[PDB]
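One chain is shown next in structure tokens, namely the form deposited in one PDB entry.
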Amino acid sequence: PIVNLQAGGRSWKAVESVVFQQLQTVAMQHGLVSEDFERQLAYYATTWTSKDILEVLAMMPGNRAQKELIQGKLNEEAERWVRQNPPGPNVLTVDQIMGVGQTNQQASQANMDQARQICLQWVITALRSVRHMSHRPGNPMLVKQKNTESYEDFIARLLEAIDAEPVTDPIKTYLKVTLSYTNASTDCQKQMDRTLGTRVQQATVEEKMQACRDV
């Protein structure tokens, strides 16, 4: 965490243990790629020196398979940057954006504030990219209600997947309304046939979750 000194200097303070205990808890249960982890990182990532944004992503417990796909995506993002930006004095080298060469204090210095933004942007871009592919959220069309699961659950998984897929929001909407009836368990579908009637694939989630989860 970059610390702005009273003199206006920038100093490096280690990420407080409490912050990791929050990110890690979300990481192990919801998943490292999981939207939940991405939001958490962003809330606290504003003041994090590039070096930390990478180290903290590494200190996260478990999610080893994900930390593999991500590490690859980050490398690909770096390749795009080196290709997009030919080496130049103003241009920041991939290492500077990674911050690997710099010491913690050097990363905190004002010159690398642009670098921190780029590193966070790659990490967040990478986390999102892995999520649509790793399928910890999953592929929506495939997600279907387990007989044991409540329609509230099927919706939770379906909403995650419909959100994860990189598709325009209009289409997400259609997917939420149409897929909820199609992939749902037959018993909810039957109950929705009795209540929703034709609107079964035209109704909103609010109308539907009330229909099967209630009664």
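What we label the rigid core is the largest C-alpha set whose atoms superpose within 1.5 Å from one form to the other. In case it trips you up, residue 1 is the first one in the sequence shown, and so on.
Although not depicted, the form deposited in another entry is the subject of the following passage.
The residue among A45, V26, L159, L54 whose Cα moves by 2 angstroms or more between this form and the one not shown, once the core is superposed, is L159. Once both forms are overlaid on the rigid core, the distance between the two CA positions of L175 between this form and the one not shown is 2 angstroms or more.
Relative to the superposed rigid core, the position of the CA of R136 differs between this form and the one not shown by 2 Å or more. With the core held fixed between this form and the one not shown, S108 has its Cα displaced by under 2 Å.
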